[PDB]
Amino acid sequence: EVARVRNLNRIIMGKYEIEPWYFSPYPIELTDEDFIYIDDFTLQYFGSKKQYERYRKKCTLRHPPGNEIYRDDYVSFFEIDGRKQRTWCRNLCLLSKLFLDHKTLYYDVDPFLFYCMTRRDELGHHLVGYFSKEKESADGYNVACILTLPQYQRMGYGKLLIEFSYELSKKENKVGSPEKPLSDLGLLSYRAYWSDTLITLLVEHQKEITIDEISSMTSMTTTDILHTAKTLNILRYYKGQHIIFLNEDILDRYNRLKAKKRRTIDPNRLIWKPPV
């Protein structure tokens, strides 16, 4: 007799069988099996396919449990108060931790708002990613953690999540930046977003733009703007203050960007007021 005591080596979520990157503290028994089922609507976890199936038949809504504050032909965003949806949000944090080196205690979700993005097609809503945000951040962080589910990564969804987080800041009349320290993947995604943003402004708005103007239009912090401008070699002094400026390199980058034909967030479709 050999008694196997296995780690969680795969989760089964819809048709996907996904291997975790890191340990997550799912409060489950260790058995001779190395999988659990994650329901793609409720995010509930099950040790057995039969138990999963039993609950799957229950009558449930087929999208995340919050208010739909943005809806276009491609995606929806749902805003969820962690305090009002404790179970679902705890389940979301357990799932997220499988793909993070560290995360704040999964159980305590009350301090957070969760912004969950779905793709909609002929089959309805499919959760593809989220970002969390502190209700009250001492550092003014506009994102706490951000995640695209692995089965959906490298399809452009992460950039949409970032873009949406800044649209909230803009509506709030505040600048913001993601919580640090940031994972390498998280930081490289932000640098690409910040870079594409400055490039797009230079081509579509004005050939020369001040720091104040950029900050007003984007809610990016002075620090993130300057770091991005220096990387692109577009920082100058003109008419008595620092600006970024257009050149041939930027034009070329812009044309390559547009060639990719990627989706963006339409600020006009964000129907939302800050708490006040």
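All residue numbers are counted from 1 along the displayed sequence.
Where do the C-alpha atoms have the higher mean temperature factor in this entry, in 124-132 or in 159-167? The stretch with the larger mean CA B-factor is 124-132.
On average, which has the higher Cα B-factor in the deposited entry, 91-99 or 197-205? Averaging CA B-factors over each stretch, the winner is 197-205.
Out of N67, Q241, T228, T218, highest CA B-factor residue: The C-alpha B-factor peaks, among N67, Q241, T228, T218, at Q241.
Within this chain, which third does the Cα B-factor at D81 fall in: lowest, middle or highest? Middle third - that is where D81 ends up once the chain's C-alpha B-factors are sorted.
Rank-wise, by C-alpha B-factor, drop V276 into the lowest, middle or highest third of its chain. For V276, whose C-alpha B-factor we compare with every modelled residue in the chain, the answer is the highest third.
Relative to the other modelled residues of the same chain, rank the CA B-factor of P25 and answer lowest, middle or highest third. Lowest third, going by the recorded CA B-factors of the chain.
Lowest, middle or highest third: where is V5 by C-alpha B factor in its chain? Its C-alpha B-factor, which the entry lists for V5, ranks in the middle third among residues of this chain.
Among the modelled residues of its chain, does the C-alpha B-factor of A138 lie in the lowest, middle or highest third? For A138, the deposited C-alpha B-factor lands in the highest third.
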